[PDB]
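Colleague: Next up is a structure, given as structure tokens.
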Amino acid sequence: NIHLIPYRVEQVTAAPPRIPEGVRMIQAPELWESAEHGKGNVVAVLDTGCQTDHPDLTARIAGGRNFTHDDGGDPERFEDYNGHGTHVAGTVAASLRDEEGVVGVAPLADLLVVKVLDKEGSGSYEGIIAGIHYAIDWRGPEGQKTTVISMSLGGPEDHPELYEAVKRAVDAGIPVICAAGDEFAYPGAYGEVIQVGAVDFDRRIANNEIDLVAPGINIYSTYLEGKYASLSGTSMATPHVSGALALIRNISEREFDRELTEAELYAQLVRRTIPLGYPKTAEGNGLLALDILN
Amino acid sequence: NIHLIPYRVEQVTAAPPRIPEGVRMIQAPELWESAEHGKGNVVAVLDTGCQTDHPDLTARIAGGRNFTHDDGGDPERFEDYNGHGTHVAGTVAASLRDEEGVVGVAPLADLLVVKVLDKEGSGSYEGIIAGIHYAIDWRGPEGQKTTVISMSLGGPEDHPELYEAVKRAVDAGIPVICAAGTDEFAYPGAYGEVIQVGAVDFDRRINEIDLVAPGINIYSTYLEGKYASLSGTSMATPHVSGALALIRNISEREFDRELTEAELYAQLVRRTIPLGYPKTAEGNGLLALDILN
Ligand code: NA
Ligand code: NA
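In the order they appear, the protein sequences are chains B and A.
Per the deposited numbering, the first sequence runs over residues 3 to 183, 193 to 217, 223 to 310.
Per the deposited numbering, the second sequence runs over residues 3 to 183, 192 to 216, 224 to 310.
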């Protein structure tokens, strides 16, 4: 089976952490005007589902599907019972509201809730494969389609249909982002996948093949019951990268005046990093730093 | 039909520079020790052939094949009757010799001479397609393989077989480089997967451009064991192709893994500086291999 990369829940609160430090650390607000806050993107979150009426997320939900046995296996019921998927969603794209809540990296990007994990954070290879297929093929009512796939999970062994699905996504121009973890090797091990490691807010580094790092310690985002939670784990870094790609895609396609291939989106991501002074085996290309070219 | 991107021959000489300024400007010498001069790479040069007994190139030639009607179409005859292919080859990988001669960007990289253009610089779509597949499938005697494909050519027609050949190459981990150029040279440069290179002069002054490199008064090897200064986007292109051999070596060691084509491309465009032009004109900027220092 496949499982969430383990993480810790530090705190659950109703106190709004307005713009969380990780969003600020990677310099997302510095890109919001130029990137139209990520508008025109759909990030497919393959996870435990989402609280789709969370005030900070409700305007961002573009659609979703349930591939678990929760709720009788009803494909149209994809709410979150674990909390992790809701937290991911908020880092990617919690709305910018006048009311005090949180705000994500790409607050005008929308979310495709691809529920592939049970309440314990576990799923089958068949389920993750199905979720990737759906993420690629889904089409929303006004031309909407997935532009980034985000995963915080892994399984120990390869599967030909998992590889085929990942390759089909990148061949369609869709970056596939996965958290660094042997128990969680796949799909993060595939060459095509962008694998994300974590630092803390001191920029310290918290079997991997890292492409870059982002903040992963004491990350406040949305959580169950309309609340917020601070989570720590290697995988909290991944949604920062997935949301950032919505911003980077918007800016780069405008500046180059062309549709970008997945390889170009990857290159524009790693151009927006700073080295931290650690070996590339530990930090990859460095820390996500979105305003570095300015 | 496919043709060479137009260029100018400025001078032919038997008294060339030792290190051409374009090689210096992109900061290749700064990477030579760390990259072992590009050892462990084979750059497939898809062009007019090569003078394979040129003193600066003879120790670099890994092999080749002819897909043109030069020499009656003999596949094992791939010498250059034009000069352009020999010039490209020398910018990629002219050997570092004690005696005179020029030196390329990656002087221990080897060259696969994929002759797809005839003496006049012309070739068929079928021949370019066959040359790309040949480059992908070629294997050397100790398992060497093509690590970069380099082209300076174009035609107006979009043949799906040519797109598929380029896609096969990048999926095999091989960057495919083509010079930038009403659309008579559009393909294969226009395909999203191809890295398209524009040109600057040595004063940093200046399609779907990915980056730029020096392309004005570039000295390299030429016919009859001589040397020549040429100008054009097809002169910027081999600087990028040779640079990728250096980047591949350093990056695979530093990341401690084999890099995908997308990672090689990212490492290339990370090693640039902006020149103040729009990205539609300079792409990601000017190749500057040591800029991260
Ligand atoms: Na909000
Ligand atoms: Na030489």
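Note that beta-carbon positions come from the ideal geometry of N, C-alpha and C, so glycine has one too.
Considering only the beta carbon of each residue, do A/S268 and A/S152 sit closer than 8 Å?
Modeller: Cβ distance not < 8 Å, so A/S268 and A/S152 don't count as in contact.
Colleague: Going by the C-beta, is A/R215 closer than 7 Å to any heavy atom of ligand 4?
Modeller: This structure does not include ligand 4; its bound ligands are ligand 1 and ligand 2.
Colleague: Listed by chain order, which residues have C-beta atoms less than 5 Å from any heavy atom of ligand 1?
Modeller: B/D58, B/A96, B/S97, B/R99 and B/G103
Colleague: In this structure, does DSSP put A/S124 in helix, strand or coil?
Modeller: strand
Colleague: So with Cβ pairs under 8 Å, would you call B/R287 a contact of chain A?
Modeller: It does; some Cβ of chain A falls within 8 Å.
Colleague: Let me know the secondary structure DSSP gives B/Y239 once reduced to three states.
Modeller: coil
Colleague: Measuring CA to CA, which of A/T148, A/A230, A/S124 and A/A91 is closest to A/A61?
Modeller: Of the candidates A/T148, A/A230, A/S124 and A/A91, the one whose C-alpha sits nearest the C-alpha of A/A61 is A/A91.
Colleague: Among A/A245, A/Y282, A/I290 and A/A182, which residue has its Cα nearest to the Cα of A/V11?
Modeller: Of the listed residues, the one whose Cα sits closest to A/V11 is A/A245.
Colleague: Under the criterion of a Cβ to heavy atom distance below 7 Å, does A/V105 qualify as lining ligand 2?
Modeller: yes
Colleague: With C-beta atoms as the reference, is A/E159 less than 8 Å away from A/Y127?
Modeller: yes
Colleague: Using three-state DSSP, classify A/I130 as helix, strand or coil.
Modeller: helix
Colleague: Answer with yes or no whether the minimum CB distance from B/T149 to chain A is below 8 Å.
Modeller: Contacts with chain A at 8 Å (Cβ-Cβ) do not include B/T149.
Colleague: What residue range does the beta strand (DSSP E) around B/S154 cover?
Modeller: Segment: none, B/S154 is in no beta strand (DSSP E) and carries neither H nor E.
Colleague: Can you confirm whether A/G156, when its beta carbon is compared against all beta carbons of chain B, has any partner nearer than 8 Å?
Modeller: no
Colleague: On the DSSP letters alone, give me the boundaries of the alpha helix (DSSP H) that B/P255 sits inside.
Modeller: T254 to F272
Colleague: Using a C-beta cutoff of 8 Å, does B/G183 count as contacting chain A?
Modeller: no
Colleague: Taking the alpha helix (DSSP H) that B/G87 belongs to, which residues open and close that run?
Modeller: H86 to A95
Colleague: Give the DSSP-derived three-state secondary structure of A/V45 in the structure shown.
Modeller: strand
Colleague: If I'm right that B/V116 touches B/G66 with Cβ under 8 Å, what's the distance once you round it to whole angstroms?
Modeller: 6 Å
Colleague: In whole angstroms, what separates the C-alpha of B/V104 from that of B/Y282?
Modeller: Each residue's alpha carbon lies about 27 Å from the other.
Colleague: Less than 8 Å between the C-beta atoms of B/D213 and B/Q29, yes or no?
Modeller: no
Colleague: Flag this pair as yes or no: are the beta carbons of B/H56 and B/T238 separated by less than 8 Å?
Modeller: yes
Colleague: Under 8 Å Cβ-Cβ, which residues of chain A neighbour B/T277?
Modeller: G202 and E203
Colleague: For a test of the three-state rule: what should DSSP assign to A/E280, helix, strand or coil?
Modeller: helix
Colleague: When burial is assigned at 16 or more other CB atoms within 10 Å of the CB, is A/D139 buried or exposed?
Modeller: Flag for A/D139 reads exposed.
Colleague: When you compare the CB positions of B/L292 and B/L303, do they come within less than 8 Å of one another, or not?
Modeller: Yes, the pair counts as a contact, with Cβ atoms nearer than the cut-off.
Colleague: Assuming B/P31 is part of the alpha helix (DSSP H), what are its boundary residues?
Modeller: Start and end: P31 to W34.
Colleague: Assign A/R265 to one of two classes, buried (16 or more other C-beta atoms within 10 Å of its C-beta) or exposed (fewer than that).
Modeller: buried
Colleague: If we ignore side chains and look at the alpha-carbon of each, how far apart do B/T289 and B/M27 end up?
Modeller: 12 Å
Colleague: Determine the direct distance from the alpha carbon of A/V286 to that of A/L309, and round the result to whole angstroms.
Modeller: In a straight line, the C-alpha of A/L309 is about 12 Å away from that of A/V286.
Colleague: When DSSP labels each residue in this structure, what does A/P162 get in the three-state scheme?
Modeller: helix
Colleague: Interface residues of chain B around A/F272 at Cβ under 7 Å?
Modeller: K296 and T297
Colleague: Does the distance from the C-beta atom of B/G183 to that of B/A209 stay below 8 Å?
Modeller: No, they are not a contact pair.
Colleague: Beta carbons nearer than 9 Å to chain B: which residues of the stretch 30 to 49 of chain A have them?
Modeller: So nothing in the stretch comes that close.
Colleague: Is it buried or exposed for B/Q53, if we count other Cβ within 10 angstroms and need 16 for buried?
Modeller: buried
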